[PDB]
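To start, the structure itself, in structure tokens.
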Amino acid sequence: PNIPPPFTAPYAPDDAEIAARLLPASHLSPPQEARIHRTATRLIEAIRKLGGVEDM
Amino acid sequence: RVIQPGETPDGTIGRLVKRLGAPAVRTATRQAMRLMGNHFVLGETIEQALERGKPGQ
């Protein structure tokens with residue numbers, strides 16, 4: 001395939017038009033959300049169990 | 001007793017766990033344990049408290 005042209009996408013398009021596509025496409029089935037929720041809860045529980053810059 | 005998984009977190013402790021996570025609650029309980037053990041002289045009876053708080057000085 002062809003080498004693509006120099007990159008030149010529009011610099012600052014409208015957020016709402018972008019959101020109109022991203023919002024519906026982000027939809028997840030209930031079992032997908034359930035797995036996400038559990039994994040993420042476990043990760044945060046571990047986080048809240050050393051030291052970092054934010055802690056200081 | 002045996003604990004079944006996926007239990008709805010209720011009570012003061014369960015609400016604590018939903019908020020901070022179980023690991024932080026364990027850590028908070030251990031800190032409470034150092035406080036209770038170091039700053040209180042306690043027993044089931046006064047004789048037991050008194051014996052525990054003893055210093056021939």
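Following the order of the structure tokens, first chain is A, next is B, and so on, with residues numbered from 1 inside each chain and ligands from 1 in the order they appear.
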
Notebook entry, point to check: Among chain A, which ones does DSSP place in helix (DSSP H, G or I), written as number ranges by chain?
Noted result: A: 15-25, 30-47

Grab the residues selected above and save them as a short mmCIF file (atom, residue, chain, number, x, y, z; two decimals), in the first residue's frame with N, CA and C atoms.
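File produced: part.cif:
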data_model
loop_
_atom_site.label_atom_id
_atom_site.label_comp_id
_atom_site.auth_asym_id
_atom_site.auth_seq_id
_atom_site.Cartn_x
_atom_site.Cartn_y
_atom_site.Cartn_z
N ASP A 15 -16.26 19.15 20.14
CA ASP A 15 -16.32 18.06 21.12
C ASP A 15 -17.64 17.29 21.05
N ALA A 16 -18.74 18.02 20.88
CA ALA A 16 -20.06 17.40 20.85
C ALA A 16 -20.20 16.37 19.73
N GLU A 17 -19.77 16.73 18.52
CA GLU A 17 -19.79 15.79 17.39
C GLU A 17 -18.96 14.53 17.67
N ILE A 18 -17.81 14.70 18.33
CA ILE A 18 -16.97 13.57 18.74
C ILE A 18 -17.69 12.73 19.80
N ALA A 19 -18.29 13.42 20.77
CA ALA A 19 -19.03 12.73 21.82
C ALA A 19 -20.24 11.96 21.26
N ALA A 20 -20.78 12.42 20.14
CA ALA A 20 -21.98 11.80 19.59
C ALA A 20 -21.67 10.42 19.05
N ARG A 21 -20.41 10.21 18.67
CA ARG A 21 -19.98 8.90 18.20
C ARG A 21 -19.41 8.06 19.35
N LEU A 22 -18.60 8.68 20.22
CA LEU A 22 -17.94 7.95 21.30
C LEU A 22 -18.91 7.44 22.38
N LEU A 23 -19.95 8.22 22.69
CA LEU A 23 -20.91 7.81 23.73
C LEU A 23 -21.64 6.48 23.44
N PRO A 24 -22.23 6.33 22.24
CA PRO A 24 -22.92 5.05 22.00
C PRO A 24 -21.95 3.89 21.89
N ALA A 25 -20.80 4.11 21.25
CA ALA A 25 -19.83 3.04 21.04
C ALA A 25 -19.17 2.53 22.32
N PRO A 30 -23.92 -6.06 30.35
CA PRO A 30 -23.81 -6.18 31.80
C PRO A 30 -22.69 -7.14 32.28
N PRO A 31 -22.46 -8.27 31.60
CA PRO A 31 -21.37 -9.09 32.13
C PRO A 31 -20.00 -8.48 31.87
N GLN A 32 -19.86 -7.67 30.82
CA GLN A 32 -18.59 -7.00 30.56
C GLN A 32 -18.30 -5.99 31.65
N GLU A 33 -19.31 -5.20 32.01
CA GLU A 33 -19.19 -4.21 33.07
C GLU A 33 -18.92 -4.83 34.45
N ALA A 34 -19.52 -5.99 34.69
CA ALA A 34 -19.32 -6.72 35.93
C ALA A 34 -17.86 -7.17 36.10
N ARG A 35 -17.26 -7.67 35.03
CA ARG A 35 -15.85 -8.07 35.07
C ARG A 35 -14.96 -6.85 35.27
N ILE A 36 -15.32 -5.76 34.62
CA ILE A 36 -14.53 -4.54 34.70
C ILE A 36 -14.57 -4.05 36.13
N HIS A 37 -15.78 -4.07 36.70
CA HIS A 37 -16.01 -3.53 38.02
C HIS A 37 -15.22 -4.29 39.06
N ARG A 38 -15.20 -5.61 38.93
CA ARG A 38 -14.52 -6.48 39.89
C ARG A 38 -13.01 -6.32 39.82
N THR A 39 -12.45 -6.46 38.62
CA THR A 39 -11.01 -6.26 38.40
C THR A 39 -10.56 -4.92 38.97
N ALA A 40 -11.26 -3.85 38.60
CA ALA A 40 -10.92 -2.49 39.03
C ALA A 40 -11.02 -2.28 40.55
N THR A 41 -12.06 -2.85 41.18
CA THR A 41 -12.20 -2.81 42.63
C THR A 41 -11.01 -3.49 43.30
N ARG A 42 -10.60 -4.62 42.74
CA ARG A 42 -9.46 -5.34 43.31
C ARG A 42 -8.17 -4.54 43.19
N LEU A 43 -7.99 -3.87 42.05
CA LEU A 43 -6.79 -3.07 41.82
C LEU A 43 -6.72 -1.91 42.81
N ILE A 44 -7.85 -1.22 42.99
CA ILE A 44 -7.91 -0.09 43.91
C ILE A 44 -7.77 -0.52 45.37
N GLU A 45 -8.29 -1.70 45.71
CA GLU A 45 -8.15 -2.24 47.06
C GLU A 45 -6.70 -2.49 47.38
N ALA A 46 -5.97 -3.00 46.39
CA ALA A 46 -4.53 -3.18 46.53
C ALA A 46 -3.85 -1.81 46.64
N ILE A 47 -4.28 -0.84 45.84
CA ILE A 47 -3.68 0.49 45.90
C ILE A 47 -3.82 1.05 47.31
#

Notebook entry, point to check: Any idea what's packed within 9 Å of residue 41 of chain B, counting only C-alpha atoms, ignoring anything in its chain fewer than 4 positions away? Could you give it as a PyMOL selection string?
Noted result: chain B and resi 36-37+49-50+52-53

Give me a file of those residues, with N, CA, C and O atoms, as a JSON list (two decimals), in the first residue's frame.
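Writing the result to part.json gives the following:
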[["chain", "number", "residue", "atom", "x", "y", "z"],
["B", 36, "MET", "N", -5.38, 0.49, 71.12],
["B", 36, "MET", "CA", -6.06, -0.13, 72.25],
["B", 36, "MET", "C", -5.06, -0.80, 73.19],
["B", 36, "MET", "O", -5.22, -0.77, 74.40],
["B", 37, "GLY", "N", -4.02, -1.40, 72.63],
["B", 37, "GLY", "CA", -3.07, -2.12, 73.47],
["B", 37, "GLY", "C", -2.12, -1.20, 74.22],
["B", 37, "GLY", "O", -1.70, -1.51, 75.34],
["B", 49, "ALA", "N", -7.45, -6.02, 84.59],
["B", 49, "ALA", "CA", -6.90, -4.73, 84.17],
["B", 49, "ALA", "C", -5.71, -4.35, 85.05],
["B", 49, "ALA", "O", -4.64, -4.03, 84.54],
["B", 50, "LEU", "N", -5.92, -4.40, 86.37],
["B", 50, "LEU", "CA", -4.91, -3.99, 87.33],
["B", 50, "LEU", "C", -3.63, -4.81, 87.22],
["B", 50, "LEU", "O", -2.53, -4.26, 87.31],
["B", 52, "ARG", "N", -2.57, -6.24, 84.54],
["B", 52, "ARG", "CA", -1.96, -5.93, 83.26],
["B", 52, "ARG", "C", -1.19, -4.62, 83.28],
["B", 52, "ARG", "O", -0.16, -4.48, 82.61],
["B", 53, "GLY", "N", -1.67, -3.67, 84.08],
["B", 53, "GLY", "CA", -1.05, -2.35, 84.13],
["B", 53, "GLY", "C", 0.08, -2.20, 85.14],
["B", 53, "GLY", "O", 0.56, -1.09, 85.37]]

Check: Which is closer to chain B than all the others in A:12, A:48, A:5, A:27, using only C-alpha atoms?
Finding: A:48

Checklist line | Contact set, chain B to chain A: 6 Å, only C-alpha atoms, as an MDAnalysis selection string | finding: chainID B and resid 21 23:24

Margin query: Rounded to one decimal, what separation in Å do you get between atom CA of residue 16 of chain B and atom CA of residue 28 of chain B?
Written below: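 For atom CA of residue 16 of chain B relative to atom CA of residue 28 of chain B, the distance reads 10.3 Å.
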
Checklist line | Straight-line distance linking atom CA of residue 53 of chain A with atom CA of residue 22 of chain B, stated in Å to one decimal | finding: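 About the pair atom CA of residue 53 of chain A and atom CA of residue 22 of chain B: they are 24.0 Å apart.
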
Note to self: Quick check, in Å to one decimal: how far apart do atom CA of residue 14 of chain B and atom CA of residue 32 of chain B lie?
What the structure shows: 17.0 Å
